[PDB]
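Below: the structure, in structure tokens.
Because the Cβ atoms are built from the backbone with ideal geometry, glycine has one as well, and the counts that use them run over all protein chains shown. Values quoted throughout were computed directly from the atomic coordinates according to the rules given, and no laboratory measurement underlies them.
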Amino acid sequence: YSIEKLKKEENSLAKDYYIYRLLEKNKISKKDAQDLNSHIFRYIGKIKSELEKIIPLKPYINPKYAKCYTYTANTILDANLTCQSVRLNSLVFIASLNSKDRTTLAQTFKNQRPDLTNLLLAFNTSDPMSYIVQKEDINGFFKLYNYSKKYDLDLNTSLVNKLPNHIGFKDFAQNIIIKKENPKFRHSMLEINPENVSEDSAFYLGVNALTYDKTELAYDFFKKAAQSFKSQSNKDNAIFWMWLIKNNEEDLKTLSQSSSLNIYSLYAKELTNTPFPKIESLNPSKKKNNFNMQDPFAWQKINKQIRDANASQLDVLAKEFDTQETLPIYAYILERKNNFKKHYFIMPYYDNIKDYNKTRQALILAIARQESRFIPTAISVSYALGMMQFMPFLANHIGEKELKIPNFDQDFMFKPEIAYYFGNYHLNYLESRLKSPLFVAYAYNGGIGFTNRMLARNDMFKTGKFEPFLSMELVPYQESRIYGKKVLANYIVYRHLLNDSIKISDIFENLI
Ligand SMILES: CC(=O)N[C@H]1[C@H]([C@H](O)[C@H](O)CO)OC(C(=O)O)=C[C@@H]1N
């Protein structure tokens, strides 16, 4: 597709993907590139660095404060007060000033903007964080953390209990807990009253408490998370921790009876001799319809309609797509139609994998369900492609260099036969080194590099009281932490559907 045909398609990730393929082959001239960032759905990462090689944009500076950005540290005292106050939004700018100019500006702004006064006078010390913490300036605390992570200080009970009322708290808490940074911040957060936190923050404060072996504080935080979390899946994770810590059998009972299918509810069912949850059976009689499952533009179109449809229009779409050929779209519609209530675990293009052993089948299907929901022309924001969501680098390495497929193009990843085949090949590579399907999942999502480095650590997937569950909470990238949990449930389920059951307790033992 040329830049002309693309310009006449709707903005979407597919169209971005194709513009990016033109850019990477140097087929976009400086003239084609004029009208172009209005043809881009998500102007972020490599498509934007590539377009800026051709047309390097300088904007944006808001036209009303333009004059404020003509001053420097050496001339800021010549600027009007509006200009002074705008420039002082930057802690780097404040750090650049000399110390008597910070004193001067601190007085100027003491009545009207004490927040600026506090930062100005804090940067006149050798420890700005210490100064801000003594004022209990909460906005300033978060501005300093974002300026530099290296500041670390003990925080008293009054101060830590104010932090959660600021929007930055949740990312701050998660980030220092899972990265194991800022030990003094971490230790201080033991004294946060569970009444003051909720949802993920509460959860991560329970994980924090466990790392300091404060099991009673942890329980209290996990209990608060269970009460406040919106998603049943997250509640279950919290209820599991409550159970593991204090061993109340009503917690486990509640968890065994969850409507969410996840590793926590699966495990609780297995410990209480509860039957495996009901998996829906989608068996459309109709063979095909008009829809091209190989057209990435048709998928982008129909996805947006599906996601924006009322309860009425979902019924019309469910009927249209109730066919074997469009089975992944049918299931996608039924997941939205039933408000995420029933359990769909389809096995499309099954002929391409029925000859692998059943364990491999289940891992392939588990990965695919998480990666794409089996959509053949799925495209991620980093332009990973097809059912098994291969980055183009890897797809080209396997297809051209290893399998020297005649006339391989990366868009072959949109073919089910190719996706499953390449997925099997890549999963052999990963499983041969990592063994556990959980670790394979982590490596499939985040690379074997990061997986091998996490597994090399002294404190990860070793023996302990609360292992391997604690380690699964401390996987250092949020996306991978979540991916692995999801893929593991899927794997358990697909092993069951294929009459190759395994106990999830065995999976957990093999993690240590
Ligand atoms: C199969 C495959 O290409 N795996 C890759 C992974 C996936 O592309 C990702 O989970 C799909 O969204 O991303 C990344 C990544 O670092 O973004 C690396 C993995 N090698």
Q: Show that you can apply the helix-only estimate: for the chain, add -39,500 (n - 2.57) for every DSSP H stretch of four or more residues, divide by all residues, and state [θ] at 222 nm to the nearest 500.
A: -16000 deg cm²/dmol
Q. Cα convex hull of the stretch 371-442: how many Å³ per residue?
A. 87 Å³
Q. FRET efficiency for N499 and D78, Cβ-Cβ distance as r, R0 = 60 Å, nearest 0.05?
A. 0.15
Q. Stokes-Einstein D for the chain at 25 °C, 0.890 mPa s, Kirkwood Rh over Cα pairs, in µm²/s?
A. 93 µm²/s
Q: Pop out the ³J(HN,Hα) list for the stretch 258-271 in order, Karplus 6.51 cos²θ - 1.76 cosθ + 1.60 with θ = phi - 60°, rounded to Hz; leave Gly and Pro as x.
A: 4, 6, 8, 8, 7, 5, 6, 6, 4, 5, 5, 4, 5, 6
Q) What is the gain in length, in nm to one decimal, between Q257 and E195 on full extension, counting 0.36 nm per residue of separation less the C-alpha to C-alpha distance? A) 19.6 nm
Q | Kirkwood Rh in Å, taken over the stretch 264-413 so that all alpha-carbon pairs contribute | A | 17.3 Å
Q. How much length is gained on full extension from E24 to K404, taking 0.36 nm per residue of separation minus their Cα-Cα distance?
A. 134.6 nm
Q. What percent do you get for the relative contact order of the stretch 82-166 when only Cα pairs under 8 Å and 6+ apart count?
A. 22 percent
Q. At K46 and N310, where each label point lies 7 Å from the Cα along Cα→Cβ, what is the point-to-point distance in nanometres?
A. 4.3 nm
Q) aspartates and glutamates within cross-link reach of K30: Cα-Cα under 19 Å, excluding same-chain residues under 8 positions apart? A) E4, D16, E50, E52
Q: Provide the convex hull volume over Cα atoms per residue for the stretch 1-94, in Å³.
A: 137 Å³
Q) Once Rh is set to the Kirkwood radius over Cα pairs, what Stokes-Einstein translational diffusion coefficient, in µm²/s, holds for the stretch 98-233 at a temperature of 10 °C and a viscosity of 1.306 mPa s? A) 100 µm²/s
Q. What is the spin-label model distance, in nm, from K342 to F393 if the labels are put 7 Å beyond Cα along the C-beta direction?
A. 4.2 nm
Q: Run through all the Cα pairs of the stretch 134-207 and give the fraction in each 5 Å bin from 0, expressed as whole percent.
A: 3, 16, 32, 31, 15, 3
Q: Among the trypsin sites (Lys or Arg not before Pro) in the stretch 129-193, which ones are in a DSSP loop with at most 12 other Cβ atoms within 10 Å of the Cβ? Mind listing them?
A: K150
(Q) Give me the one-decimal nm value for the distance between modelled label points at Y425 and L282, 7 Å along each residue's Cα-to-Cβ direction. (A) 2.8 nm
Q) Can you work out ³J(HN,Hα) from phi for every residue in the stretch 430-445, in order, using Karplus 6.51 cos²θ - 1.76 cosθ + 1.60 and θ = phi - 60°, giving whole Hz and x for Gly and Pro? A) 6, 5, 4, 9, 10, 5, 4, x, 5, 5, 4, 5, 3, 6, 5, 8
Q: List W241, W299 from most exposed to least, where exposure is judged by having the fewest other Cβ atoms within 10 Å.
A: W299, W241
